[PDB]
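The structure under discussion appears below in the form of structure tokens.
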Amino acid sequence: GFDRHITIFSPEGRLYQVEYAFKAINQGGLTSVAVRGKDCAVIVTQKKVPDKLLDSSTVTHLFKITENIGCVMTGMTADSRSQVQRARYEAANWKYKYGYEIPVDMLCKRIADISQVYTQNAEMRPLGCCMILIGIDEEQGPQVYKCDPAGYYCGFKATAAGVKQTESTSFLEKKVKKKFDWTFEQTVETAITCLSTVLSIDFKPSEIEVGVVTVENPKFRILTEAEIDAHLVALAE
Amino acid sequence: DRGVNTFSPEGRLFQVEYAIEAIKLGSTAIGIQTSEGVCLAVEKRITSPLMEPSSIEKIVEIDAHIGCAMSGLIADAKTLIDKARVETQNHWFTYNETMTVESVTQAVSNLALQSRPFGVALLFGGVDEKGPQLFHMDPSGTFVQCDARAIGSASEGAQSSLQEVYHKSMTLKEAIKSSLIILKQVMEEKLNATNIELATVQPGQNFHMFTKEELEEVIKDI
Amino acid sequence: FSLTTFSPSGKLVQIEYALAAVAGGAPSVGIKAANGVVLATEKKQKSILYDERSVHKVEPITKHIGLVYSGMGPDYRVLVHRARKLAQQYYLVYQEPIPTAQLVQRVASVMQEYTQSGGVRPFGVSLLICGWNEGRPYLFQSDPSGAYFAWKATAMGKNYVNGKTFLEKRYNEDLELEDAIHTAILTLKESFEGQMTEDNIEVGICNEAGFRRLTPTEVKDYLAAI
Amino acid sequence: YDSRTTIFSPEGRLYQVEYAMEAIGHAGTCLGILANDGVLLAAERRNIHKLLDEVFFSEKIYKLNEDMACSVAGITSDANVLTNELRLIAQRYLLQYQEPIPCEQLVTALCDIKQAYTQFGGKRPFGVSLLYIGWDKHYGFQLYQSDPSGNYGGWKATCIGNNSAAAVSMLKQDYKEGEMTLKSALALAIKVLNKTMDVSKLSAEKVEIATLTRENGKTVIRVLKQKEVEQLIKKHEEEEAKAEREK
Amino acid sequence: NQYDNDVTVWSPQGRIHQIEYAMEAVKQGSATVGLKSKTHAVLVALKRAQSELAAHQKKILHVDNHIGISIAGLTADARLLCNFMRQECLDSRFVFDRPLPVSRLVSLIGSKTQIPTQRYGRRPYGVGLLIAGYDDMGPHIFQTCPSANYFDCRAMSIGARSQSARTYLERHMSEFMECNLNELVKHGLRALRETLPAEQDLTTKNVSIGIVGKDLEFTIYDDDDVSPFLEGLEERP
Amino acid sequence: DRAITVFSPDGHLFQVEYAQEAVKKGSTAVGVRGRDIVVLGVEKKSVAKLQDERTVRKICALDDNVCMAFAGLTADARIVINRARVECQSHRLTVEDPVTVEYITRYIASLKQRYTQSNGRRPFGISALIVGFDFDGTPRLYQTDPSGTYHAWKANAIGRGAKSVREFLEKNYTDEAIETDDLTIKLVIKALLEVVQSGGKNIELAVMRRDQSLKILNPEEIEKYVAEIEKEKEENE
Amino acid sequence: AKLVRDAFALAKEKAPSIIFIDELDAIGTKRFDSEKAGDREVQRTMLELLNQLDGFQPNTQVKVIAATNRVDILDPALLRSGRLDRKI
Amino acid sequence: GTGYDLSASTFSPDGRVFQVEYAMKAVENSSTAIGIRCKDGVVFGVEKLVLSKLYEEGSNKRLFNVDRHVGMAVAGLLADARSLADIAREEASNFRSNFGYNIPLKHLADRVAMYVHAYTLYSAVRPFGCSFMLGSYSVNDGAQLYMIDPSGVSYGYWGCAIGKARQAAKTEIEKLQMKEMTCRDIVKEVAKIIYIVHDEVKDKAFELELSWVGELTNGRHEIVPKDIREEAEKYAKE
């Protein structure tokens, strides 16, 4: 047998190991939402902090890969940090080999290629962490992409990952089907209300951490407590 | 279990408890270390008369002052004996003197388990500054100094007989006859010169074949 | 062990499972016309959240070599990257032949690192190759384990059987002009469930002038009046 | 019972290798017949789906060297790499000695590589058996058959296909050494191919044949195209009609 | 039991089983004791004999003038450890002309033996080491188990039926610092004699003594050298 | 249970045993000494009308004074001859004296032992046997078991029917019947003739006359020797 | 499950009895669920013993004494105040 | 279970790595530990089982010095713990050699956690059976404390515990009011918490290994003077 134990093709014609890793992303108890807007792209994920002995300063799941690209990680934290380190290394190596900064789509493609190498062979195993990376790209506007443990890198406008990712994707599909572009107030509010409807806790402005990349202002802004509180007050008005 | 490296659940890894019991399939060999020297007696156990007796050899001289008797897979014993010769020659070349039999046995034991472990037991015997010496090396990379050792299919019975027929102040003349009578008791056929090989160790002589069919002077007394 | 493996008596069980996997569900039809070759596939993205101009199913390996594929897209990315590297290496070794159709057979042959060195797990994608730098077009298929087949019209989707039946009944034929892409779209229509649109259908064409992935404008234009 | 390739049997058989060689009989069909002033190969085109274009110009018959050509009968994945390695070996010998490689030496090298593949390491045996026809200065026209076991054989009339037993029986029944010529070899090859292929009146498309002939100090390996093949078919049909009606 | 097959695999109940089996290698071996003093370290090893004709084998291996070890268990991968320790000590002599301190050597041994406990296809070194050394901080006695977890000890014994020797040492460990060389050696001899059944008794041929001191370099005493220590045995089998 | 190159619970080496039993599949091989000539035969009985008898190569030369014969797998045997021939040419390059039969047999046995060692290499299921005149006049015969060993034999008798032919040889291996070259050849016949039918031309004999090249007996002379054997059989009522 | 029922039934029918169940660790697993053994068919009998612990609540007869070596190998099912409570 | 908890490379049907789920059990079984970030430093503390009085004064100590200002308090399988401590020492030395100055605690913890994740990712090698706290102080960055699980990642901790009784220690840790208490009373309180955790109720007598780092030691992570902290042990006893 060992069809479901190693990274080999099943007799039915499937690959069960990556199918298990995708559910491993669901394992861990977390969700994230990515929304692309008219000019910006925002990502928000809940900050599940058990007990205050932890440092809320460093419990984050979102990081700066480069000066303009920011990721959010969903799944096991160790594999998440390993893939974040790999993405930072890839961005730096691209900037060294090619003068211009690495496009977010190319970075997602490289990470997905690494993950596809992982699902190839049998000595190693795929990393159970799904990464959603955003960044402003010239002649393209805001750009959002998702790289999965299989190696399929895609996703745009509104995309979510986590335990209750299906409900968030459904609500975001309803929102994007409603034909109206989101400015840099509506995109953030849409993401916040999506994640709030997914998990109804009213989202006290301490349990989420939102990352924003706009066009007029580049860079991955990890908005502070004041900014998220102001956005929450504006939304709940 | 079955893994050559995995330890047993009780006390000691397997597949080497299997390698050590390869002298059981091997033929009997007995060596006596006396003050006069070291007597190495083995059986050739020729299966057919057409095979040349000189071809079947279980005692090979590692050097002029070291003799070795094998018991087990002759194929593996060839490699071990070749490594022993190479180590002895390297030591002599480096230090311009005769390598001690204990050191040779130590080197061969080091090379014994480093590849599936070798399944042969060796009876090294030679002269040194510490008189004549004999060492029993076993497939599990272990060597022990011994005065009168038996090895082979019936190592138990031969060793038990040697335990009571040996005394601490014997000579070569008594040692050879004791080894030959024991051998005749262990084996199935008689101790014909074409079937029994004998090796002698002397402080002032190199270790040569035992008189090459003129050794009947020792088996007629038997 | 570390290569293409698992071959019992008279069988290639692992290869057969790979072929069951590449059955997929993306038709990705290919038609070799007199003027050129058309590789048309279906991009049926889940919901409208995904994008169609972000990822592509048809990839130009070189100037006039286009590529379409089947199930296991992540494997297909690595395979097309390897094919691009191999074609570039051939063009660098044999400098300036404008190698497309005298290379299409060669690049298909060098698709032996594709499967003959499987990499423990064999690739789960079958790919169709088009090239027209010989005065004549070429359509080749490489499967998860075999080699070049030199097709004239075929499909590699969930309904590839009935797709191929439609191709032969509709007479892929030999006198057909470059605009056999209409027949390719019709063949996709048989293996399509929905109102196919410009972003839903991606097609690349390779004629004697070169290869070009048709933009949604021309895809919608062809889809009009169907 | 089978396990990792490098094993034996309680009796002492290489059952993996035997299974592979028997599987070679399954699928594919090639036959080689050696005659004076010309030795030829006949191959059965398995898949004749009308949706192909036949642009590779050869599927079973492979030109491996100026003075030789082969025909595989195993899995195509190993067949391609084996043909590439065989061409590489032949051209390496040509570079080293500045002389066409003798057929026996080439076949021994290939069977050595196959024996190595079935000998050491956890690597599958090359599940492919191929014929070779060629000409050299020492032995003239030669024919060789190599199996995945790596034990080649110097044959003069043999088949390696599915109904290889029936084909070799038909050859043995209607083989005459010495008197055999290139045209008679063609007739015998077409007849035995018609015997081993159940559908009578075989089309020129389903049969691919190549003949190696010795021109003036030069070896010519001509694959017989469709028109010549069907003309041979027509001559064979005339012979069959005359033989059947004359009774 | 599946989970006990390999060293790499981890048991569901906690610690892995192969290393626990490895500690049985030292358990199935001839007994050996080792005790500290104010100024000397003494090892008393039971030279187990195959038969009366054969010698009593070799124990208390020699490492350097100030360090000596006693093996217990699998003798195959024990001369290897002896060679490693000799090589490290000689490297220390060659690099900075000073005797390698025993603690650093034991740490090196633990680090070296830890890797086989994690690398697939490598069995743990199932050897119990009783290292006696005299660094600048007086004598030292260290016990190295195949689990690569060394221990420092005032007086420790390992081998078959070594629990009785352990109990005797513990009950008499209070009067160990203030003891003469002969007194401490006799303490060790009494400890080892209590290990074997009443039929067995200490002989000059079946015992070995390893003594290292401030002015006394490590020396391996046997039958003629042991006889002065063996006198005044106070034999209570 | 276990059939790999590891020691079995009762000892032995079952893969090596299987290789040693594989020689039974093959053909008989006989050969004798005599101080005047070594002659060895195979007696192959399988030749179809369409296969060339040249390339059977059941006996092959090494250095025009050493020849070997097949018993077992043909491909492994041919690889053995190729490697052994390369080594004979090497031992002719260095050590300018020509190769000795014992040296090449030792090399073949060493190669077989090396291939039996380790799990990767199949243990060369071929039993070779080598005759030939040495540089110092004396012709010798060695027979190499597939495992690791070689033995100098007066008669080899290896292959199918080995037991019966070896019993026949050892029954009447008369040196007075050896004497002359013709007597030696006729002794090899009527011994190999005993195996299977041996009717028309099944015998495939080989000849090495002192310093002459490898002589392969012509079929007509083989029939002549068979007739002489029949004449000797006659007049014995 | 049937055995334990009639044991309780026999105990009820014959005086205020002493139900001395040995190897409680064997009866009840610590819920350390692996696919090697999930205590699936023994959870059958465990809850059966649970529902018969309250059968004799009125008139307070037939005591249950469970003997084991390691109490930690039990889930917080039998360690109940109306159920097994006196751990000694 | 069965065929899925055999190698770390085999994912569970639900998407879990059971090899690390069992490696965490060794940490849960081994002795406990505690590390508290005081107002101007970090104070460690570990109880160690003296399994036999044959052992000398506290050896194979659970506390380690991985760098000049950084210390590691580890629990679990102690041999692999020492190997990982050697790895951390090598990492700190390499960082000091390359980038100069002293390795920041967050970066050191991230690198060692990535190394541990590399060991738990593959199949031939097995996950480390140890969990440790890395504590350090500097004037520039204050005091930091990161805890690494046998497979998890470093997390910032005001006060953390690992080992046999994690919840029992953490309850009183959260009861203690940190962030305004000097490291002296924090030493006293960590000793108090460890003695509150059971020592001889079902085990042998325990020794108190306590570590120090802070401005009172100007960095320079060192073991607290045991002679003068025996009275802190006495206060903990009361």
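Here, residue 1 is simply the first one shown, and the rest follow in order.
Per the header of the entry, the method used was electron microscopy, 3.5 Å.
Note that Cβ sites are derived from N, Cα and C of the backbone, with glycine treated the same way.
According to Swiss-Prot, the protein has these features:
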MOD_RES   E:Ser107  phosphoserine
CARBOHYD  E:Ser107  O-linked glycosylation site
CROSSLNK  E:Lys112  ubiquitin cross-link
MOD_RES   E:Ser174  phosphoserine
CROSSLNK  E:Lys205  ubiquitin cross-link
Spatial neighbours, same chain, of E:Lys112 (ubiquitin cross-link) - Cβ under 8 Å, 6+ residues apart: E:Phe84
May I ask which residues of the same chain, at least 6 positions away in sequence, place their Cβ under 8 angstroms from the Cβ of E:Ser107 (phosphoserine)? E:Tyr150
Looking at the recorded positions E:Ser174, E:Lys205, which one has the fewest other Cβ atoms within 10 Å of its own Cβ? E:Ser174
Express the distance between the Cα positions of E:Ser174 (phosphoserine) and E:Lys205 (ubiquitin cross-link) as a whole number of Å. 30
Quick check: in three-state DSSP terms, what is E:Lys205 (ubiquitin cross-link)? coil
Among the recorded positions E:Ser107, E:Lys112, E:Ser174, E:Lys205, the ones with a Cβ under 8 Å from any Cβ of chain H are E:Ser107
